[PDB]
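One chain comes next, on its own, written as structure tokens: the form deposited in one PDB entry.
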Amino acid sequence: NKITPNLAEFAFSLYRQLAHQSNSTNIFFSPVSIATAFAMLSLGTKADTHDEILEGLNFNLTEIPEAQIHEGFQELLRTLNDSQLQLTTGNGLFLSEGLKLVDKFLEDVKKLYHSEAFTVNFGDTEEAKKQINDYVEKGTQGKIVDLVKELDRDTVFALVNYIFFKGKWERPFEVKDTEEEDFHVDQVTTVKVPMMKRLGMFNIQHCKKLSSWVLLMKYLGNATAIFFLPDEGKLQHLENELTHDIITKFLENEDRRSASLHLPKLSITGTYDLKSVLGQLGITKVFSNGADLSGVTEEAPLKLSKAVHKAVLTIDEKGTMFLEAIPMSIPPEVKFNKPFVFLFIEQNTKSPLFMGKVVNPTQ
């Protein structure tokens, strides 16, 4: 898994920037789906436009060959796309119908990255926006609606990237045990949220280096959820100390201990303007009039005017008979009833499927 360290650093860079934009909103995004879409876009770019994209995905081009970058993304798409992981992801390229497209690019999009490319009359902005939104709604079975709200008048190329995940816990909660509990949005304020609870044997530990409880729970399929519960006043310290090697140590641990876990039910979405967010990471040329997109079309100028990512997560008790031996001893009460951070990891590749922060489940 040669590109896994780069995906992890891209996940942290992308998280740390969003955490700086707003500190009072829930965060949820797919680092893998965003990186895949732009690694695929780089196939149609050249020169500085190409180099900026891969460097913005935390790939040092003086160290890793491009053949290994695309090989890693292709292998990751194979495992994700049989699986019990109820993961639906899609990437849509919408190009002006007047453009003469390069066949090599359209082939690479479908054959290698299993994505979709469409022609659209951007001379009718309202109809172009309706066709883009009907594509995402059909691909999500109605979960994501009216994704694109506006299009620039000179739009000739738009990119949408969507992903929805509803996992099935390997060791599930009991619906009868879910009850309304306090969630401490700050140190003196609470709100009532639906809270799942179960007594079991967990991959859980209090990490001194992170000043947080670290809980790992396995989904059906090859994906593991990692939840970080920071100690009092240690949320920012937790966000600063997260490194990929720290995640690797957690995933390798096989020790289990008893705990009374309280975990909120979550229905969370995240919608992000990738032109703005990735521009803060150094990806600017492909969104500008100077973009080298000669691998997509050769004669006419081309720039990516619109790029949107939306991610939807649902966490529930079951999602659709392991028996754990519980010792005769007081189990610690681990309650995710205050702001926490999480990261979902694909088991085979160790790649960060999702990352987010919950500041208020019902916000």
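Throughout, rigid core stands for the largest set of C-alpha atoms superposing within 1.5 Å between the two forms. The first residue of the sequence shown is number 1, and the count goes up from there.
Below, we turn to the form solved in complex with a partner chain, even though it does not appear here.
**Student:** Residue-level contact is defined here as any heavy atom of the residue lying within 4.5 Å of the partner chain in the deposited bound form; does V32 satisfy this criterion?
**Tutor:** Contact with the partner chain, yes.
**Student:** Residue-level contact is defined here as any heavy atom of the residue lying within 4.5 Å of the partner chain in the deposited bound form; does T25 satisfy this criterion?
**Tutor:** Yes.
**Student:** I'd like to know whether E232 contacts the partner chain in the deposited bound form, with contact meaning heavy atoms within 4.5 angstroms.
**Tutor:** Contact check for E232: yes, within 4.5 Å of the partner chain in the deposited bound form.
**Student:** Flag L251 as yes or no: does it have a non-hydrogen atom within 4.5 angstroms of any non-hydrogen atom of the partner chain in the deposited bound form?
**Tutor:** Heavy-atom contact with the partner chain at 4.5 Å: present for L251.
**Student:** Exactly one residue in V185, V156, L210, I283 has a non-hydrogen atom within 4.5 Å of the partner chain in the deposited bound form; which is it?
**Tutor:** Filtering the options by heavy-atom distance leaves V185.
**Student:** Which of these moves by 2 angstroms or more at the C-alpha between this form and the one not shown, core superposed: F227, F105, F202, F250?
**Tutor:** Single residue meeting the criterion: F105.
**Student:** Does the distance between the two CA positions of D182 reach 2 Å or more between this form and the one not shown, the core being superposed?
**Tutor:** Comparing forms between this form and the one not shown, the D182 CA shifts below 2 Å.
**Student:** Would you say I268 moves between this form and the one not shown, meaning its CA shifts by 2 Å or more once the core is fitted?
**Tutor:** Superposed on the core, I268 moves its C-alpha less than 2 Å between this form and the one not shown.
**Student:** After the core is overlaid between this form and the one not shown, has the C-alpha of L151 moved by 2 angstroms or more?
**Tutor:** Comparing the forms between this form and the one not shown, which are aligned on their rigid core, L151 does shift its C-alpha by 2 Å or more.
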